[PDB]
(Lines of atoms letter the chains of each structure in order from A and count residues from 1; the text may use other names and numbers.)
(Lines give C-alpha, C1' and ligand atoms only; values in the text may rest on other atoms or scores of the structure.)
Protein backbone atom coordinates (compact mmCIF):
# COMPACT_ATOMS: atom_id res chain seq x y z
CA UNK A 1 0.00 0.00 0.00
CA UNK A 2 1.15 3.60 0.04
CA UNK A 3 3.03 5.51 2.72
CA UNK A 4 0.21 8.02 2.76
CA UNK A 5 -2.34 5.65 4.25
CA UNK A 6 0.16 4.17 6.65
CA UNK A 7 1.12 7.54 8.11
CA UNK A 8 -2.48 8.73 8.62
CA UNK A 9 -2.14 6.42 11.68
CA UNK A 10 0.51 8.79 13.21
CA UNK A 11 -0.80 12.15 14.57
CA UNK A 12 2.53 13.80 15.47
CA UNK A 13 4.96 13.74 12.60
CA UNK A 14 7.10 16.10 10.56
CA UNK A 15 7.04 14.81 6.95
CA UNK A 16 9.98 15.84 4.74
CA UNK A 17 9.10 14.77 1.18
CA UNK A 18 6.34 12.88 -0.60
CA UNK A 19 4.30 9.98 0.86
CA UNK A 20 2.82 9.05 -2.52
CA UNK A 21 5.16 5.98 -2.67
CA UNK A 22 4.19 2.25 -2.46
CA UNK A 23 5.28 0.44 0.68
CA UNK A 24 5.48 -3.35 1.04
CA UNK A 25 8.09 -3.80 3.82
CA UNK A 26 9.13 -2.32 7.16
CA UNK A 27 12.39 -2.83 9.03
CA UNK A 28 14.37 -1.71 12.05
CA UNK A 29 17.51 -3.29 10.54
CA UNK A 30 19.14 -1.05 7.93
CA UNK A 31 20.88 -4.05 6.36
CA UNK A 32 17.52 -5.24 4.95
CA UNK A 33 16.06 -1.92 3.88
CA UNK A 34 15.36 -1.35 0.15
CA UNK A 35 13.01 0.27 -2.36
CA UNK A 36 9.49 -0.25 -0.94
CA UNK A 37 10.80 -0.59 2.70
CA UNK A 38 10.26 1.84 5.58
CA UNK A 39 13.45 1.96 7.56
CA UNK A 40 12.85 2.89 11.20
CA UNK A 41 15.93 4.17 13.04
CA UNK A 42 16.48 3.71 16.75
CA UNK A 43 19.06 3.92 19.50
CA UNK A 44 20.13 0.44 20.65
CA UNK A 45 22.47 -0.74 23.42
CA UNK A 46 25.29 -1.07 20.95
CA UNK A 47 24.71 1.45 18.10
CA UNK A 48 22.40 4.27 17.00
CA UNK A 49 20.99 3.18 13.62
CA UNK A 50 20.18 6.72 12.55
CA UNK A 51 23.81 6.44 11.29
CA UNK A 52 22.83 3.94 8.52
CA UNK A 53 20.22 6.14 6.92
CA UNK A 54 22.69 6.87 4.06
CA UNK A 55 23.09 3.06 3.57
CA UNK A 56 19.37 2.45 3.17
CA UNK A 57 19.26 5.32 0.64
CA UNK A 58 22.19 3.74 -1.18
CA UNK A 59 20.20 0.50 -1.12
CA UNK A 60 17.10 2.07 -2.69
CA UNK A 61 14.96 2.83 0.41
CA UNK A 62 13.01 6.06 -0.06
CA UNK A 63 11.44 6.38 3.43
CA UNK A 64 13.00 6.54 6.86
CA UNK A 65 11.32 7.12 10.21
CA UNK A 66 13.72 9.04 12.48
CA UNK A 67 13.70 10.91 15.80
CA UNK A 68 15.67 13.84 14.21
CA UNK A 69 16.07 15.04 10.63
CA UNK A 70 19.04 13.23 9.06
CA UNK A 71 21.49 14.06 6.27
CA UNK A 72 19.99 12.36 3.21
CA UNK A 73 19.40 12.85 -0.50
CA UNK A 74 16.44 15.02 -1.30
CA UNK A 75 14.43 12.19 -2.84
CA UNK A 76 14.40 10.10 0.34
CA UNK A 77 11.25 10.96 2.38
CA UNK A 78 11.84 11.39 6.12
CA UNK A 79 9.09 11.18 8.77
CA UNK A 80 10.33 12.68 12.08
CA UNK A 81 8.54 11.36 15.17
CA UNK A 82 9.11 11.55 18.93
CA UNK A 83 9.19 7.76 19.47
CA UNK A 84 10.42 5.80 16.45
CA UNK A 85 9.89 2.28 17.77
CA UNK A 86 6.36 3.06 18.94
CA UNK A 87 5.64 4.23 15.42
CA UNK A 88 7.41 1.08 14.03
CA UNK A 89 4.91 -1.20 15.82
CA UNK A 90 1.96 0.92 14.59
CA UNK A 91 3.28 0.88 10.99
CA UNK A 92 4.07 -2.84 11.13
CA UNK A 93 0.69 -4.08 12.37
CA UNK A 94 -1.00 -1.71 9.91
CA UNK A 95 1.03 -2.82 6.87
CA UNK A 96 0.46 -6.53 7.64
CA UNK A 97 -3.24 -6.09 8.29
CA UNK A 98 -3.20 -6.72 12.03
CA UNK A 99 -1.93 -10.33 12.02
CA UNK A 100 -2.55 -10.97 15.75
CA UNK A 101 -6.31 -10.19 15.24
CA UNK A 102 -6.40 -12.88 12.45
CA UNK A 103 -5.76 -15.98 14.66
CA UNK A 104 -6.13 -17.18 18.22
CA UNK A 105 -3.04 -16.10 20.17
CA UNK A 106 -1.75 -17.65 23.42
CA UNK A 107 0.87 -15.86 25.46
CA UNK A 108 2.95 -17.41 28.21
CA UNK A 109 5.05 -15.61 30.78
CA UNK A 110 6.92 -16.59 33.95
CA UNK A 111 10.47 -17.20 35.23
CA UNK A 112 10.64 -20.93 34.37
CA UNK A 113 8.43 -23.06 32.11
CA UNK A 114 7.63 -20.60 29.29
CA UNK A 115 9.16 -22.86 26.62
CA UNK A 116 7.62 -26.01 28.07
CA UNK A 117 4.07 -24.54 28.26
CA UNK A 118 4.17 -22.68 24.96
CA UNK A 119 5.54 -25.74 23.13
CA UNK A 120 3.00 -28.07 24.83
CA UNK A 121 0.15 -25.83 23.55
CA UNK A 122 1.53 -25.93 19.99
CA UNK A 123 2.03 -29.71 20.19
CA UNK A 124 -1.56 -30.28 21.47
CA UNK A 125 -2.89 -28.15 18.56
CA UNK A 126 -0.85 -30.22 16.09
CA UNK A 127 -2.04 -33.50 17.65
CA UNK A 128 -5.60 -32.19 17.13
CA UNK A 129 -4.63 -31.64 13.44
CA UNK A 130 -5.01 -27.84 13.57
CA UNK A 131 -2.39 -25.58 11.98
CA UNK A 132 -0.31 -23.93 14.71
CA UNK A 133 2.75 -21.68 15.16
CA UNK A 134 5.17 -21.24 18.08
CA UNK A 135 7.57 -18.40 18.84
CA UNK A 136 10.04 -18.40 21.73
CA UNK A 137 13.41 -19.49 22.98
CA UNK A 138 13.56 -22.47 20.54
CA UNK A 139 12.96 -20.04 17.65
CA UNK A 140 10.04 -19.87 15.20
CA UNK A 141 7.97 -22.89 14.20
CA UNK A 142 5.09 -23.17 11.72
CA UNK A 143 3.57 -26.69 12.10
CA UNK A 144 6.76 -28.83 11.86
CA UNK A 145 9.03 -26.27 10.13
CA UNK A 146 11.57 -24.64 12.45
CA UNK A 147 14.06 -21.74 12.29
CA UNK A 148 16.20 -20.52 15.17
CA UNK A 149 16.25 -16.90 16.32
CA UNK A 150 18.24 -14.61 18.60
CA UNK A 151 15.58 -13.80 21.22
CA UNK A 152 12.76 -15.45 23.18
CA UNK A 153 10.64 -12.43 22.20
CA UNK A 154 12.16 -10.77 19.07
CA UNK A 155 12.01 -7.04 18.37
CA UNK A 156 8.67 -5.67 17.21
CA UNK A 157 9.11 -5.71 13.41
CA UNK A 158 10.60 -9.25 13.22
CA UNK A 159 8.00 -10.46 15.66
CA UNK A 160 5.15 -8.89 13.76
CA UNK A 161 6.44 -10.36 10.45
CA UNK A 162 6.49 -13.76 12.08
CA UNK A 163 2.89 -13.53 13.20
CA UNK A 164 2.04 -12.51 9.60
CA UNK A 165 3.95 -15.56 8.22
CA UNK A 166 1.86 -17.76 10.56
CA UNK A 167 -1.35 -16.14 9.35
CA UNK A 168 -0.23 -16.54 5.66
CA UNK A 169 0.69 -20.16 6.28
CA UNK A 170 -2.92 -20.72 7.56
CA UNK A 171 -2.21 -21.08 11.30
CA UNK A 172 -5.44 -21.34 13.31
CA UNK A 173 -3.54 -20.34 16.36
CA UNK A 174 -0.11 -19.17 17.45
CA UNK A 175 1.61 -19.40 20.80
CA UNK A 176 4.25 -16.92 21.90
CA UNK A 177 6.60 -16.88 24.86
CA UNK A 178 6.39 -13.43 26.36
CA UNK A 179 9.68 -12.40 28.05
CA UNK A 180 9.61 -9.67 30.78
CA UNK A 181 12.19 -7.79 28.56
CA UNK A 182 9.94 -8.06 25.48
CA UNK A 183 7.07 -6.50 27.47
CA UNK A 184 9.01 -3.55 29.00
CA UNK A 185 10.94 -2.78 25.82
CA UNK A 186 7.76 -2.65 23.64
CA UNK A 187 8.64 -5.70 21.52
CA UNK A 188 4.98 -6.85 21.81
CA UNK A 189 3.28 -3.52 20.98
CA UNK A 190 0.34 -4.31 18.65
CA UNK A 191 0.17 -8.00 19.61
CA UNK A 192 -3.38 -8.87 20.67
CA UNK A 193 -3.51 -11.93 22.96
CA UNK A 194 -6.59 -14.13 23.47
CA UNK A 195 -5.23 -16.23 26.33
CA UNK A 196 -2.55 -15.18 28.82
CA UNK A 197 -0.83 -17.90 30.88
CA UNK A 198 1.39 -17.46 33.97
CA UNK A 199 3.86 -20.05 35.20
CA UNK A 200 5.81 -18.62 38.19
CA UNK A 201 7.82 -15.65 39.45
CA UNK A 202 11.21 -16.15 41.17
CA UNK A 203 14.39 -14.08 41.11
CA UNK A 204 15.83 -13.55 37.63
CA UNK A 205 16.69 -10.69 35.27
CA UNK A 206 17.35 -8.13 38.01
CA UNK A 207 20.30 -6.72 36.05
CA UNK A 208 17.47 -5.48 33.81
CA UNK A 209 14.54 -4.89 36.21
CA UNK A 210 16.45 -3.69 39.29
CA UNK A 211 13.84 -5.12 41.75
CA UNK A 212 11.53 -8.15 42.14
CA UNK A 213 8.77 -5.59 42.40
CA UNK A 214 9.50 -4.11 38.94
CA UNK A 215 10.14 -7.61 37.51
CA UNK A 216 6.65 -8.83 38.57
CA UNK A 217 4.98 -5.66 37.41
CA UNK A 218 6.67 -6.14 34.02
CA UNK A 219 5.05 -9.60 33.68
CA UNK A 220 1.62 -8.25 34.77
CA UNK A 221 1.54 -6.24 31.51
CA UNK A 222 0.72 -9.41 29.52
CA UNK A 223 -2.43 -9.73 31.64
CA UNK A 224 -3.54 -6.11 31.81
CA UNK A 225 -2.80 -5.58 28.06
CA UNK A 226 -5.55 -8.05 27.20
CA UNK A 227 -7.74 -4.95 27.55
CA UNK A 228 -11.37 -4.42 28.49
CA UNK A 229 -13.69 -5.58 25.65
CA UNK A 230 -15.90 -8.14 27.40
CA UNK A 231 -17.54 -9.16 24.14
CA UNK A 232 -14.26 -10.93 23.34
CA UNK A 233 -13.59 -14.47 24.42
CA UNK A 234 -10.31 -14.02 26.29
CA UNK A 235 -9.04 -15.95 29.32
CA UNK A 236 -6.32 -15.94 31.94
CA UNK A 237 -4.64 -19.14 33.31
CA UNK A 238 -2.82 -18.79 36.59
CA UNK A 239 -0.68 -20.93 38.82
CA UNK A 240 -2.21 -20.97 42.36
CA UNK A 241 1.07 -22.46 43.72
CA UNK A 242 2.72 -19.13 43.02
CA UNK A 243 1.80 -16.26 45.32
CA UNK A 244 2.02 -13.60 42.50
CA UNK A 245 -1.20 -15.04 40.99
CA UNK A 246 -3.20 -13.21 43.63
CA UNK A 247 -1.86 -9.88 42.24
CA UNK A 248 -2.42 -10.98 38.57
CA UNK A 249 -6.18 -11.52 39.18
CA UNK A 250 -6.56 -7.82 39.89
CA UNK A 251 -5.06 -6.41 36.61
CA UNK A 252 -7.56 -7.98 34.16
CA UNK A 253 -11.43 -8.39 33.84
CA UNK A 254 -11.40 -11.69 31.95
CA UNK A 255 -12.40 -14.98 33.54
CA UNK A 256 -9.44 -16.60 35.42
CA UNK A 257 -8.75 -20.39 35.51
CA UNK A 258 -6.43 -21.54 38.29
CA UNK A 259 -4.28 -24.63 38.47
CA UNK A 260 -2.38 -26.04 41.45
CA UNK A 261 -0.74 -29.11 42.96
CA UNK A 262 0.22 -27.79 46.43
CA UNK A 263 -2.56 -25.14 46.80
CA UNK A 264 -6.28 -25.41 46.08
CA UNK A 265 -7.20 -24.38 42.53
CA UNK A 266 -9.96 -25.02 40.01
CA UNK A 267 -7.72 -27.45 38.15
CA UNK A 268 -5.49 -29.70 40.25
CA UNK A 269 -3.19 -32.69 39.99
CA UNK A 270 -3.73 -35.56 42.50
CA UNK A 271 -2.43 -39.09 42.98
CA UNK A 272 0.75 -38.31 41.01
CA UNK A 273 2.95 -41.20 39.84
CA UNK A 274 6.43 -40.48 38.45
CA UNK A 275 8.87 -42.28 36.15
CA UNK A 276 11.72 -41.28 33.81
CA UNK A 277 9.25 -42.24 31.08
CA UNK A 278 6.43 -39.85 32.12
CA UNK A 279 3.74 -39.42 34.72
CA UNK A 280 0.15 -40.32 35.47
CA UNK A 281 -2.20 -38.20 37.61
CA UNK A 282 -5.82 -37.48 38.39
CA UNK A 283 -6.77 -34.15 36.81
CA UNK A 284 -9.41 -32.52 39.09
CA UNK A 285 -11.37 -30.00 37.02
CA UNK A 286 -14.59 -28.07 37.70
CA UNK A 287 -16.49 -30.56 35.54
CA UNK A 288 -15.10 -33.80 37.00
CA UNK A 289 -11.80 -35.56 37.61
CA UNK A 290 -10.07 -37.45 34.75
CA UNK A 291 -7.02 -39.73 34.57
CA UNK A 292 -4.16 -38.17 32.57
CA UNK A 293 -1.12 -39.85 31.07
CA UNK A 294 1.69 -37.45 30.16
CA UNK A 295 5.06 -38.22 28.52
CA UNK A 296 6.85 -35.40 30.43
CA UNK A 297 8.93 -35.97 33.55
CA UNK A 298 8.31 -34.56 37.05
CA UNK A 299 5.85 -32.45 39.05
CA UNK A 300 6.95 -29.11 37.55
CA UNK A 301 6.03 -30.56 34.15
CA UNK A 302 2.63 -31.54 35.54
CA UNK A 303 1.98 -27.81 36.45
CA UNK A 304 3.15 -27.03 32.88
CA UNK A 305 0.89 -29.57 31.08
CA UNK A 306 -2.02 -28.44 33.22
CA UNK A 307 -1.50 -24.79 32.06
CA UNK A 308 -1.32 -25.93 28.44
CA UNK A 309 -4.46 -28.11 28.62
CA UNK A 310 -6.48 -25.38 30.33
CA UNK A 311 -5.31 -22.80 27.73
CA UNK A 312 -6.49 -24.99 24.83
CA UNK A 313 -9.70 -25.95 26.62
CA UNK A 314 -10.56 -22.28 27.31
CA UNK A 315 -10.97 -21.58 23.55
CA UNK A 316 -13.56 -24.27 23.15
CA UNK A 317 -11.91 -27.70 22.69
CA UNK A 318 -13.31 -30.48 24.86
CA UNK A 319 -11.11 -31.68 27.76
CA UNK A 320 -11.56 -35.32 26.80
CA UNK A 321 -10.06 -34.73 23.32
CA UNK A 322 -7.14 -32.69 24.83
CA UNK A 323 -6.41 -35.36 27.44
CA UNK A 324 -6.23 -38.00 24.72
CA UNK A 325 -3.97 -35.78 22.57
CA UNK A 326 -1.52 -35.30 25.49
CA UNK A 327 -0.67 -38.98 25.85
CA UNK A 328 1.85 -39.29 23.04
CA UNK A 329 3.03 -35.68 22.77
CA UNK A 330 6.57 -35.16 21.45
CA UNK A 331 9.41 -34.04 23.71
CA UNK A 332 10.00 -30.31 24.21
CA UNK A 333 13.48 -29.67 22.88
CA UNK A 334 16.04 -28.95 25.60
CA UNK A 335 13.43 -29.14 28.41
CA UNK A 336 13.98 -32.18 30.70
CA UNK A 337 14.99 -34.47 27.77
CA UNK A 338 16.15 -38.01 28.61
CA UNK A 339 18.63 -38.84 25.88
CA UNK A 340 19.16 -42.34 24.41
CA UNK A 341 17.84 -44.64 27.13
CA UNK A 342 19.87 -47.49 25.63
CA UNK A 343 23.00 -45.95 27.20
CA UNK A 344 23.88 -47.64 30.54
CA UNK A 345 23.73 -44.19 32.19
CA UNK A 346 20.74 -41.84 32.47
CA UNK A 347 21.74 -38.86 30.32
CA UNK A 348 19.41 -35.85 30.78
CA UNK A 349 19.56 -32.31 29.38
CA UNK A 350 17.60 -29.27 30.63
CA UNK A 351 17.53 -25.52 30.32
CA UNK A 352 17.23 -24.79 34.13
CA UNK A 353 19.61 -21.91 34.90
CA UNK A 354 18.35 -20.26 38.09
CA UNK A 355 18.30 -21.67 41.58
CA UNK A 356 14.53 -22.35 41.51
CA UNK A 357 14.57 -24.00 38.05
CA UNK A 358 17.48 -26.21 39.23
CA UNK A 359 15.55 -27.34 42.34
CA UNK A 360 12.60 -28.34 40.17
CA UNK A 361 14.89 -30.25 37.81
CA UNK A 362 16.66 -32.06 40.64
CA UNK A 363 13.37 -32.75 42.40
CA UNK A 364 12.13 -34.44 39.21
CA UNK A 365 15.31 -36.56 38.48
CA UNK A 366 16.42 -37.46 42.03
CA UNK A 367 13.84 -40.15 42.96
CA UNK A 368 15.31 -42.12 40.03
CA UNK A 369 19.03 -41.87 40.79
CA UNK A 370 20.14 -45.44 41.51
CA UNK A 371 23.80 -44.59 42.17
CA UNK A 372 25.49 -41.20 41.75
CA UNK A 373 23.98 -37.93 40.45
CA UNK A 374 26.50 -36.12 38.36
CA UNK A 375 25.29 -32.57 37.67
CA UNK A 376 26.76 -29.99 35.29
CA UNK A 377 25.53 -26.34 35.28
CA UNK A 378 26.56 -23.07 33.65
CA UNK A 379 26.16 -19.44 34.75
CA UNK A 380 25.48 -16.91 32.04
CA UNK A 381 27.90 -14.08 31.30
CA UNK A 382 27.00 -10.41 31.80
CA UNK A 383 23.99 -11.20 34.06
CA UNK A 384 23.11 -10.52 37.72
CA UNK A 385 25.32 -12.78 39.87
CA UNK A 386 23.46 -12.19 43.19
CA UNK A 387 21.90 -15.73 43.24
CA UNK A 388 24.81 -17.55 41.52
CA UNK A 389 26.36 -18.98 44.73
CA UNK A 390 22.85 -20.14 45.54
CA UNK A 391 22.78 -22.00 42.15
CA UNK A 392 26.09 -23.55 43.32
CA UNK A 393 24.46 -24.61 46.59
CA UNK A 394 21.47 -26.18 44.78
CA UNK A 395 23.81 -28.07 42.38
CA UNK A 396 25.50 -29.60 45.45
CA UNK A 397 22.36 -31.66 46.09
CA UNK A 398 24.17 -33.83 43.48
CA UNK A 399 27.05 -36.19 44.34
CA UNK A 400 29.42 -34.68 41.82
CA UNK A 401 29.06 -31.15 40.42
CA UNK A 402 30.67 -29.66 37.24
CA UNK A 403 30.75 -25.82 36.95
CA UNK A 404 31.00 -24.18 33.58
CA UNK A 405 30.43 -20.83 31.85
CA UNK A 406 27.29 -20.45 29.68
CA UNK A 407 27.38 -17.75 27.03
CA UNK A 408 30.21 -16.01 29.01
CA UNK A 409 30.45 -13.25 26.35
CA UNK A 410 33.17 -10.81 27.55
CA UNK A 411 33.11 -12.09 31.18
CA UNK A 412 36.09 -14.13 32.43
CA UNK A 413 34.78 -17.75 32.38
CA UNK A 414 36.75 -18.41 35.55
CA UNK A 415 34.92 -15.58 37.22
CA UNK A 416 31.55 -17.26 36.54
CA UNK A 417 32.51 -20.79 37.62
CA UNK A 418 34.25 -19.30 40.71
CA UNK A 419 30.99 -17.50 41.56
CA UNK A 420 28.98 -20.76 41.39
CA UNK A 421 31.74 -22.42 43.45
CA UNK A 422 31.24 -19.88 46.30
CA UNK A 423 27.96 -21.67 47.22
CA UNK A 424 29.24 -25.28 47.00
CA UNK A 425 28.62 -27.28 50.19
CA UNK A 426 31.01 -30.24 49.60
CA UNK A 427 34.41 -30.82 48.03
CA UNK A 428 32.98 -32.88 45.17
CA UNK A 429 32.86 -30.22 42.43
CA UNK A 430 35.12 -28.95 39.68
CA UNK A 431 35.34 -25.94 37.40
CA UNK A 432 36.04 -25.71 33.68
CA UNK A 433 36.59 -22.61 31.59
CA UNK A 434 35.52 -24.66 28.52
CA UNK A 435 32.01 -26.21 28.77
CA UNK A 436 32.64 -28.92 26.08
CA UNK A 437 35.67 -29.97 28.17
CA UNK A 438 33.39 -30.04 31.24
CA UNK A 439 30.80 -32.33 29.63
CA UNK A 440 33.55 -34.76 28.44
CA UNK A 441 34.66 -34.81 32.12
CA UNK A 442 31.20 -35.60 33.48
CA UNK A 443 31.24 -38.63 31.16
CA UNK A 444 34.77 -39.63 32.39
CA UNK A 445 33.59 -39.53 36.06
CA UNK A 446 30.29 -41.45 35.41
CA UNK A 447 29.82 -45.19 36.23
CA UNK A 448 27.26 -47.68 34.77
CA UNK A 449 23.91 -46.96 36.50
CA UNK A 450 24.79 -43.33 37.38
CA UNK A 451 22.62 -40.34 36.40
CA UNK A 452 24.17 -37.50 34.40
CA UNK A 453 22.39 -34.14 34.11
CA UNK A 454 23.51 -31.36 31.80
CA UNK A 455 21.73 -28.10 32.92
CA UNK A 456 21.31 -24.56 31.60
CA UNK A 457 21.47 -24.84 27.80
CA UNK A 458 19.39 -27.82 26.56
CA UNK A 459 19.96 -28.03 22.78
CA UNK A 460 20.96 -24.36 22.47
CA UNK A 461 23.43 -24.47 19.54
CA UNK A 462 26.01 -21.80 20.54
CA UNK A 463 28.21 -20.28 23.24
CA UNK A 464 28.24 -16.52 23.13
CA UNK A 465 31.99 -15.72 23.40
CA UNK A 466 34.17 -12.59 23.50
CA UNK A 467 32.95 -9.91 21.07
CA UNK A 468 29.46 -11.49 21.52
CA UNK A 469 30.46 -13.88 18.75
CA UNK A 470 28.39 -17.10 18.71
CA UNK A 471 30.52 -20.30 18.58
CA UNK A 472 28.89 -23.67 17.77
CA UNK A 473 28.18 -25.78 20.87
CA UNK A 474 25.62 -28.51 21.66
CA UNK A 475 25.30 -30.08 25.13
CA UNK A 476 23.31 -33.04 23.71
CA UNK A 477 25.76 -33.86 20.89
CA UNK A 478 28.90 -33.28 22.94
CA UNK A 479 27.43 -35.44 25.73
CA UNK A 480 26.24 -38.22 23.40
CA UNK A 481 29.53 -38.33 21.39
CA UNK A 482 31.43 -38.54 24.68
CA UNK A 483 29.00 -41.09 26.22
CA UNK A 484 29.25 -43.44 23.24
CA UNK A 485 33.08 -43.36 23.35
CA UNK A 486 33.02 -44.32 27.02
CA UNK A 487 30.11 -46.79 27.09
CA UNK A 488 29.79 -48.10 23.53
CA UNK A 489 26.52 -48.38 21.61
CA UNK A 490 27.52 -45.80 18.97
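Numbering follows the first chain given and starts at 1.
Q: With reference to the PDB entry, specify whether the mean Cα temperature factor is higher for 199-207 or for 249-257.
A: According to the entry, 199-207 carries the higher average C-alpha B-factor.
Q: Once you work out the mean C-alpha B-factor for both 225-233 and 347-355 from the entry, which is higher?
A: If you average the C-alpha B-factors of 347-355 and of 225-233, the larger mean comes out for 347-355.
Q: In terms of recorded Cα temperature factor, pick the maximum from 220, 158, 285, 371.
A: 371 has the highest C-alpha B-factor of those listed.
Q: Place residue 381 in the lowest, middle or highest third of its chain's C-alpha B-factors, as listed in the PDB entry.
A: Residue 381: CA B-factor falls in the middle third of its chain.
Q: Taking only the Cα B-factors deposited for this chain, tell me whether residue 141 sits in the lowest, middle or highest third.
A: Bottom third by C-alpha B-factor.
Q: Based on the entry's values, in what third of the chain does the Cα temperature factor of residue 154 lie: lowest, middle or highest?
A: Lowest third.
Q: Lowest, middle or highest third: which one holds residue 328 when the chain's residues are ordered by CA B-factor from the entry?
A: Within its chain, residue 328 is a highest-third residue by C-alpha B-factor, going by the deposited values.
Q: Is the Cα B-factor recorded for residue 298 in the lowest, middle or highest third of its chain?
A: It belongs to the lowest third of the chain when residues are ordered by C-alpha B-factor.
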